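# Overview (structure and organization)
So the chains spell out like this:
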Protein chains: 4
Amino acid sequence: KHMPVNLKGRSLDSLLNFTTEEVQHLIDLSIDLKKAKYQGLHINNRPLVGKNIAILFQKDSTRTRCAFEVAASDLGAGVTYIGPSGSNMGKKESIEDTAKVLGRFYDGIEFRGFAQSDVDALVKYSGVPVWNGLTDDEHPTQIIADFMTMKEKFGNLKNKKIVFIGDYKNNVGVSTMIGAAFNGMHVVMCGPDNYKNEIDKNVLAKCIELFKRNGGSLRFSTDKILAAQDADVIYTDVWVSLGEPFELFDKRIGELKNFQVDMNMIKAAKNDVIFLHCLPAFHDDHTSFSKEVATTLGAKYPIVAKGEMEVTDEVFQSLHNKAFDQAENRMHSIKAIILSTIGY
Amino acid sequence: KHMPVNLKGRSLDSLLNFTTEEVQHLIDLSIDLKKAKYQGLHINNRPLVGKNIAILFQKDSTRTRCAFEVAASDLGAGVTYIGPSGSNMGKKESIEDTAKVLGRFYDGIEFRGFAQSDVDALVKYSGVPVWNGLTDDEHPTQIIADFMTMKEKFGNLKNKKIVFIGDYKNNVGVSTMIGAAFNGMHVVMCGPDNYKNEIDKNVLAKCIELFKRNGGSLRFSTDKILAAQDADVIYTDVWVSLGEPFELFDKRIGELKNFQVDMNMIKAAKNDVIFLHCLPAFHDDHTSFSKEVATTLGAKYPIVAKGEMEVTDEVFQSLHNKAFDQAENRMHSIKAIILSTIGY
Amino acid sequence: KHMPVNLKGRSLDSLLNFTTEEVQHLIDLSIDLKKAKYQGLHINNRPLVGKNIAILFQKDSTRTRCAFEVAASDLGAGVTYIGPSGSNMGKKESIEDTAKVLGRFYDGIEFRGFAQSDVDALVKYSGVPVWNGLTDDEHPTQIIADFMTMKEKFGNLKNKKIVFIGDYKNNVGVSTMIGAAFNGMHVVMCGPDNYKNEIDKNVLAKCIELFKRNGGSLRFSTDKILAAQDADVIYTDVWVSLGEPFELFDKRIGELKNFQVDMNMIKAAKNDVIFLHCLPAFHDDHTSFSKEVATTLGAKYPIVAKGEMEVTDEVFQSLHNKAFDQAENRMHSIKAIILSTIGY
Amino acid sequence: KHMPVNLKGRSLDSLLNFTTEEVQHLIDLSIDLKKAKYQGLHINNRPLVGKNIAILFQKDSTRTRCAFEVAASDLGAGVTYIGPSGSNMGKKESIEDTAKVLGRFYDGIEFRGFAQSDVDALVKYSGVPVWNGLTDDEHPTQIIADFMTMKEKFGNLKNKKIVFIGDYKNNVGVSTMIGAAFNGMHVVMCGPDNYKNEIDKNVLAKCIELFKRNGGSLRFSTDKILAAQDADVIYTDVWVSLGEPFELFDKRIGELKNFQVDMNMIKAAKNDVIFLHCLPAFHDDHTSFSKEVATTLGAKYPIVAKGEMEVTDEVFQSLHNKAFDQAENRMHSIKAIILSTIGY
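Entry numbering is not used for residues: they are numbered from 1 along each chain in the order the sequence is written, which may differ from it, and residues without coordinates are omitted. Whichever chain is written first becomes A and whichever ligand is written first becomes 1, with later ones labelled in order. All reported values concern the displayed chains, which form part of a larger assembly. Note that water and hydrogens are dropped before the side-chain values are worked out from all heavy atoms of the structure.

Regarding how it was determined, this PDB entry cites X-ray crystallography in its header, along with a resolution of 2.500 Å.

### As for the overall build of chain A
Under the scheme used here, helices are H or I runs from DSSP no shorter than 4 residues and strands are E runs no shorter than 2 residues, and both carry numbers assigned from the N terminus. For chain A, the count of helices and strands is 14 helices and nine strands. Considering only C-alpha atoms, chain A reaches an extent of 55 × 45 × 40 Å along its principal axes. Between buried and exposed lies partly exposed: a residue is buried under 20% and exposed over 50% of the maximum accessible area for its type, with that area taken using a 1.4 Å probe on protein chains only. The buried share among the 344 residues of chain A stands at 60%. Accessible surface, chain A as shown: approximately 13,600 Å² in total, 51% of it carbon and sulfur. Positive and negative charge centroids in chain A, built from 41 and 44 side chains respectively, lie 4 Å apart. Every accessible area reported is derived by Shrake-Rupley at a probe size of 1.4 Å, with residue values counting cover from the shown protein chains alone. Only four residue types enter the tally: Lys and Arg on the positive side, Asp and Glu on the negative side; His and the chain ends are excluded. Every charge is mapped onto a representative atom, which is NZ of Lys, CZ of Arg, CG of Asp or CD of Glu.

### Let's talk about the interface of chain A and chain C
Counting residues at the interface gives 30 residues for chain A, matched by 21 residues for chain C. For any pair of parts, buried area is found by adding up, for both, the accessible area (1.4 Å probe) each one loses once the two are put together. Across the interface of chain A and chain C, roughly 2,200 Å² is buried in total on both sides, 54% from carbon and sulfur atoms. It is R63, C66 and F324 of chain A in chain A that bury the most area against chain C; as a group they hold 23% of the surface buried on that side. Salt bridge, as used here: a side-chain nitrogen of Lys or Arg that lies within 4 Å of a carboxyl oxygen of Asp or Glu. Counting across the chain A and chain C interface gives three salt bridges. Polar contacts here mean pairs of N or O atoms no more than 3.5 Å apart (in protein, one a potential hydrogen donor and the other a potential acceptor; neighbouring residues in sequence count only if both atoms are side-chain atoms). At the boundary of chain A and chain C, one finds 10 residue pairs in polar contact. Of all the elements in the fold, those that place two or more residues in the side of chain A that touches chain C are helix 2 (62-75), helix 12 (288-294) and helix 14 (323-342) of chain A. The contact criterion used is simple: two residues touch if any of their non-hydrogen atoms lie within 4.5 Å.

### Here's the deal with the interface of chain B and chain C
Counting residues at the interface gives 17 residues for chain B, matched by 17 residues for chain C. In total, chain B and chain C occlude about 1,400 Å² of area from one another, counting both sides; carbon and sulfur atoms represent 48% of this. In terms of surface lost to chain C, no three residues of chain B exceed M3, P4 and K100 of chain B, which account for 35% of the buried area on that side. The interface formed by chain B and chain C includes zero salt bridges.

### With respect to the relation of the copies chain A and chain C
Look at the two chain copies: a rotation about an axis and a shift along it is all it takes to match them. Laying chain A over chain C is done by rotating through 120° and shifting 0.0 Å along the axis; what remains is an RMSD of 0.2 Å. With respect to symmetry, the two chain copies, as superposed, fit the operation of a three-fold axis. The way the copies are matched up is a least-squares superposition on C-alpha atoms.

### Considerations on empty space enclosed by the protein
Empty space left among the atoms is revealed by rolling a probe the size of a water molecule over them. With a 1 Å grid laid over protein atoms only, a set of points is called a cavity when a 1.4 Å probe fits there but cannot get out and a pocket when it is open yet has protein on both sides within 12 Å along at least five of seven lines; lining residues have an atom within 4 Å of a point. Grid points are joined across faces, edges and corners, and a volume is the space filled by probe spheres set on the points. Overall, the coordinates contain eight cavities of 30 Å³ or more when judged by the stated rule. Computed from the structure, the largest cavity encloses a volume of approximately 160 Å³. Lining of the largest cavity is provided by 13 residues; of these, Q39 of chain A together with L33, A36, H42 and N45 of chain B occupy positions nearest its centre. Elements with a contribution of two residues or more to the lining of the largest cavity: helix 1 (20-38), helix 2 (62-75) and helix 14 (323-342) of chain B.

### Section: the environment of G113 of chain A
Residue and element names in this part refer to chain A. Note that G113 resides in the loop between strand 3 (108-112) and helix 5 (116-126). Here the alpha-carbon distance between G113 and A231, two residues 118 residues apart in the chain, equals 33 Å. Excluding its chain neighbours within four sequence positions, the residues that come into contact with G113 are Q58, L134, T135 and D136.

### Notes on the nonpolar core
All names here are of chain A. Core analysis: the largest hydrophobic core is formed by 118 residues, its most contacted members being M150, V163, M177, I234, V261 and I338. In terms of residue count, the dominant contributor to this core is helix 14 (10 residues). Leaving out residues up to four positions away in the same chain, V261 has contacts with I165, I234, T236, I266, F275, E310, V311, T312 and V315. Nonpolar cores were defined as sets of buried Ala, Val, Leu, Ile, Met, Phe, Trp, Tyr and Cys residues, with membership established by side-chain atoms within 4.5 Å.

### Some words on the packing of helix 6 (residues 171-182) of chain D against helix 7 (residues 201-214) of chain D
Residue and element names in this part refer to chain D. Axis geometry follows a simple rule: fit a line to the C-alpha atoms, using only the stretch in contact for helices, then measure angles between N-to-C directions, giving values from 0 to 180 degrees. Put simply, helix 6 and helix 7 touch, their axes get as near as 8 Å, and they point 25° apart. Considering their axes alone, helix 6 and helix 7 lie roughly parallel with respect to each other. Seen from above, helix 6 lies across helix 7 with left-handed handedness. The residues of helix 7 that touch helix 6, namely those facing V174, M177, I178, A180, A181 and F182, are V203, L204, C207, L210, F211 and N214. Split into classes, the residues belonging to the contact of helix 6 with helix 7 amount to 11 nonpolar, one polar and no charged. For this classification, under 35 degrees means roughly parallel, over 145 means roughly antiparallel, 65 to 115 means roughly perpendicular, and everything else is oblique. In this scheme, a crossing is called left-handed if the near helix is turned counterclockwise away from the far one by less than a right angle; it is called right-handed if the turn is clockwise. Residue type decides the class: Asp, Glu, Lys and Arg count as charged, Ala, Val, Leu, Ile, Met, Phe, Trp, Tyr, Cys and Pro as nonpolar, and the leftover types, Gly among them, as polar.

### Considering the sheet that holds strand 5 (residues 161-165) of chain A
All names here are of chain A. At least two bridges found by DSSP between two strands are what make those strands a pair. The strand order across the open sheet formed by five strands is 7-6-5-8-9, and the pairing between neighbours is parallel. In this open sheet, the two edge strands, each paired with only one partner strand, are strand 7 (217-221) and strand 9 (274-277). The mean inter-strand angle of the sheet, taken between neighbouring strand axes irrespective of direction, is 20°. In this sheet, strand 9 lies alongside strand 8 (residues 233-236) in parallel orientation, the contact comprising four bridges. From the neighbouring strand, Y235 faces strand 9, where its bridge partner is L276. Contacts between helix 7 (residues 171-182) and the sheet are confined to strand 5, strand 6 (186-190), strand 7 and strand 8, with strand 5 contributing the most and set at about 170° to the helix. Its contacts with the sheet put helix 8 (residues 201-214) on strand 6 and strand 7, and the angle it makes with strand 7 is roughly 130°.

### What to know about the domain arrangement of chain A
Residue and element names in this part refer to chain A. Throughout, the edges of the domains are those of an automatic or database domain assignment. Under the domain assignment used here, chain A contains domain 1 (1-154 + 323-344) and domain 2 (155-322). Between domain 1 and domain 2, the C-alpha centre-to-centre distance is 25 Å. Facing the 30 residues of domain 1 at the interface are 33 residues of domain 2. With both sides pooled, the region where domain 1 packs onto domain 2 buries about 2,700 Å², and carbon together with sulfur makes up 65% of that total. Of all residues in domain 1, the largest losses of buried area upon contact with domain 2 belong to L16, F147 and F154, amounting jointly to 28% of the total for that side. Counting across the domain 1 and domain 2 interface gives two salt bridges. Between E21 and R213 there is a salt bridge; the shortest N-O distance is 2.8 Å. Taken together, domain 1 and domain 2 are joined by 15 residue pairs in polar contact. Every element with two or more residues in the side of domain 1 that touches domain 2 is listed here: helix 1 (20-38), helix 6 (140-154) and helix 14. At nine residues, helix 6 tops the list of elements feeding residues into the side of domain 1 that touches domain 2. Here the residues of the side of domain 1 that touches domain 2 sort into 12 nonpolar, eight polar and 10 charged.

Structure below.
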C-alpha cells in the first residue's frame, strides 16, 4: 500500500489487481497527458521511440483499437494491428507458445477476446506488459476512461452517487461497479432483481472490501426513479447483443423495458447529473438496426417503437450526455496505461 | 454541442459565438499554459515557428498589445505591430480590400478599434483567425483573463456570485455579464437603474439562455451594500472616458457617486471576496489626472476629493485586490486563444 | 477568388466546392512535393509529426489506400487503416455518432464508400478535414492526380483537348469532365449517345459555368475517330463492374464494343497524345478474368477475344501510355491535399 | 552578362543598376521561395539567424513594411521598424553620419522616402545592402513583385504586351516601363499626351537600350481602346495623391477622366488579359475618401460619381483582377531580394 506507485512491467489484466493509489494514479496521469497534448507537447516529447506494441483483436472493437493506435503513436511507439483472422488462440498453436513468441518481438501486448484466461496466459508466458482490451469478465481500460471523465466534471469522487442502469450484470456494468469501489462512490445497480445473482461473487467480495476502505456503498435497485435520487452520474448500456437470435432479443427487452433512461430519470437526479454510455448507443432510428427493431418489436414493446432503447434521443441530445467526452478519454487513459507500464 | 472542442481557424469576434464547452476550454488551457511557462517549457517547445501575426490598434491599448506581443513570441511567432496611423480602415482603402491583403501576409490578425463591424469585415475577408482586442461592444480576450483569475481562486465557478458595479452598461460591464453566463454564476449589475436600458437586447437574450443552461442568474441593483451580500467577486471600472469634455465628466460622476467600491462594500461581501479591475484604476492622487479632478470637482463631489473614484486606495492596497493577477492573466489567456486558433 | 488560397480545415468532399484557383494550387503543390521527395527533402522536413489520420475503406481500394499510407507517412503522420469490417456506417451506430468520435481521436479522415451522403455526414459532424476516397458520385483525389499528370506533360492546360471515352457516365468519366472544366480544356465525352442523359444535371450546370469562366467546352460524340481529332489526351475506363451479373456485363460490352481505344484512335489524335487510365485495365489476357471473358464472350464479341477490352495491348505498351505516371501521382496529389488541409 | 549572377552585398537602389540576368534571377528566385513556403520549408531552414535589418519609413507605407517584416522573419532575421518620427534624414544629423552608424548595427537597411539621393547616401556610407522601399523616382521592389505575377500567369514574358494607363509619369508608371524593358515586353504608356515629357530622359534612354537588347518596344498613346488591342496586361494606378490641395485633384481628374479602366477596355484586350494595380485602388464608394470625391466633384466629372476613379468596380471584381496575387507577391519578391543580397 505505502510502497511507491511504480507500475513498470505490470499488466492490466484486471483492475482488481491494483491498489486504490495505483488506480488514482492512472486517472490523474490520464488528465495530465490530455492537458499535455492540447499544448502540443507530444511533438518533441515521444518517450517510446524504440519500442513496439502488438494489438490483438479476436473480435473487432474499433473504439479500443483507435484509442490504442493514437495513444501509442503519440508516445512514439510502432504498433502492429492483428485482427480476428490472426488473433484466434489455442486452435492452431497453444496460447502459451504464441505468448512466448509475441514477447520476443514486442515490448507490450494488447488483447481483446472472450476468455479472461487467454489474457492470463498472455501475461504469464510473454513476460511483457499485457493490456486487457475487453473480455467477458471486465473492461479495465474503459474504467479509467469513465472515472477520469466523472473526475473532470466533479473533482474528487468520494461519496458521490452513480447509478448504472440496465443489463447491470454484463462486463460494462460490473466494470463500473469496480470503478465505483476504487473511487469510494455510492453505486446503485439498477435493473432486474435477479441479475445481481449472476455477478461473480469473488468480484463482489473485493468491491465490498474496497467500499469499506474508500467509502461509498453498493446497493441494488429495481426502481429507476428511486435509484436516480441524488445521483451525480447515470450510466447505461445496450440491451442487445448483436449475434444472438430474435428470442433472446425479445426476452431481454422484455426484462429491461422499465429501465430506459428518459428525461424523467434525468430530472429525478441532481441538476448537474451527467449521462454516460460506452457506445455505440441506440437512441433513435438512425441505424438500420434500430429500424428492424422498432419495426418487429414496436408492437409488443412500444418503448422501442421509435428505435430508442436503453436511452431516449431526448436524453442523448441534452447537455447531460457526456458520452463523447467519455469516448475521447479512452485514448488519454490508454496512453497513461501504456506509459506507466512500459515506462519512459 | 457534443462535437469536439476544435477551435482551429475560428475568430474571436464575440465570445457569444462560442459554446460553453469552448469557453471553459479556453480558460483551462490558459491555466495550463501559465503553469507551463513557470517551468520553462516554452524554451524548447515553440509550436508557431514559421507563423506570423499582425496586431492592429486604431487607438492605443498598451496592455492588450504587450500581452499579444509576449504570448506570440513565447509561442515562436513573429509579430508586426501597427499603431493608429496605419490601423485606420475604410478611409484610404475599403476594409474589405485591406482584409484580403492582410490575409495573404499573415497567419492571424488582432484588431482593436471602435466598430465591431470592422472586426466582422476582417473575419469575413481575410480568411485567417481574427482576434477582437476590444471594440465598443465587447472585450472578449479580457473575459478569458477575468474568469480564469476567478477560477484560479475558487475553482469551479457555477453558482458563485459576482457584482459588477459602476458604468455597468459599458463594454467591460457587458463583457463581464457574458462571462458570468458562460460560467453559470449569479451576476448583479450594480449601478444607476436606467443603464440596464442601454444594454443591447440581443446580448441580454443570449445571456438569459446561457444562465438557464449553465446556472446562475442576472439581477440589476441600485444598492451597493445590498448587491455585495454573499458576493465572491466585486468587479469595477473607470467612471470617466478620457477625451470627453468636462460636462460629461461631471454628469457621469454625478450619476455614479454612490457606487464607489469602499471597505464598506468589501466588508458586506464574503471574507474571501476578491476585487477586480481591468485597469488602469483611479484610486489615489498619484496621477496628474486624479489631481485635476480632485481639484476641480472635489467641491461638488467630496467623494473624488482625494483623487479616488471608482475604488478607494484602502480597497486597492488590501489583500482583496487581485487586479495584478488579473493583469498578468491577459497574456496567458491570449496565448491560449492564439494557440487554439492557429493550432500547433 | 480575390480571397487568399487557404485550404486549411477544409474537406475534399467534392472538387466542385472549390474555386478554380484552389484547384490549380493543389495541382501545383503536388508537382512541388514530387520534386521535393526526389531530392530527399522529406527526411528532415516532416510537418505533421504529432498528427494522426484514419483511413476508412468500406470497400477495398488498394491503390487509394497505399497512396494515403505513403503520403501521410512521408509527412510524419500516423495512419490507422480500417477496412470493410469496421467501415460500414449506419448499421450498428448512427454515422453522426461515429463521426463525432472519429473527430475526437483523429486530425483527418479519409473515407471510401458508396454513398456521397456518408462523406457529407463525416464532414458535418467530425469537425476535422475529411477526404473523399471515392464514392458513387465522384473521385476527387483521382482528379488532382490526373490533371497534375497532364500538366506535367503539357504545361498550362487551357484550350488543350481531352477525350474521355467509354462509360463516360460513370464516376471516373464524370470526375474527369469536372477536372477539364477547372482547367479550361475542351472535353469530348465519347460513347453511347444515351449515356449523357444519365449524368447529374447539376454537375453539368456547374461544369458549364466553369467552361464559360475558364475556357474550353463540352461536347458529346459517338465516333471515336472524329472525337480524337486534335486531342492531347485520351482517357478511358473498364467496361465491367466486378461482382455485377452476366446479363448486365454482356449488355455493356454490346453497347461499348465500338469504343475501344486502339492505335487507329491514338493516331487520329495529336502526335504527342497521351493515354490515361486510372487502372486496373484489361488490355491483354494476363488476368484470369480476361480469359474468362475472351471465352464466355468473344465469339459474340471478337474485340474482347484476346482479353483486351477498353484498350489494346498495342496502345497499352506504346510510349503514349502515361497510366503509370498517373498512378504514381495518386500519392503526390493526396500528399498535397493532406498538407494543404491539415496545414504545416 | 557573362559574370556569375551574384547579388551579394549589392543594394537595390534602382533596378537600372542591374543586368537583365540579375532581374530574371530575382523574379525566378521569388517564385521558388513562394513554392517553398507553401511546403513549410521555412520552419527548419532559416538562413539569416544572426542577422538584423532596419526598415525605415519616412512616410508610412503599410504594405511595403509588412512585406519586409514577414519576409525577414521567415528568413530568421530580426527587424527594427522605424517610422516617420525616426526616419527624417538630413535635419538633426547628416545622412552620411546616420548611414555610418546604421551600418555598424544592422546587416541590411530598407528605406522609403521621397528623395532618391537619400537612398544613394545610405548605399554609399553604410557599407551594407540598402533596399529602396519607394522614392519619388522608382519602386524597385514593386517591379519584381509585378513582373513575377505576370510570369506566374504567362510564362516567358518576351514580346508580350502591357498597357500602363493613367498617371504614367509617376514612380509606378515609370517603374512598370523599366520592368517591361527588362522583360522584352511591348509597353504602351496610355494617357495625357504631355505626360511623356515629364519622364526622366536618362531613364528613357536606358529603357530604349534594354528593349533593343531584350526585344520589346516603347510606345505612347492617348486612346484607351486602341492601346488595349492585343494586350495581355493592363496596369493602372490612382489619379490622386493624398493629400494635395483640392485644386490639384480636379486638375488631375480633368486630365485623366478619359483613361479610367472599364470593361470596354478589358474586352478590347485579349480574353486572358489580367488587370494589375499596386493598391489601394478607388473602385467603389466603400471608402470615405471616395464619397467625399463623388460629392465635391461627380457633378463636374460624372465618371467619379459612383466613387470609382481609375478602375470601375465591375473590372475590379472580374476574374481579370490579379492585384491580390500581386499584393502577396510583394513579400516573396522582397524575400528574394533580402536573401540574394545578404546571402545564405
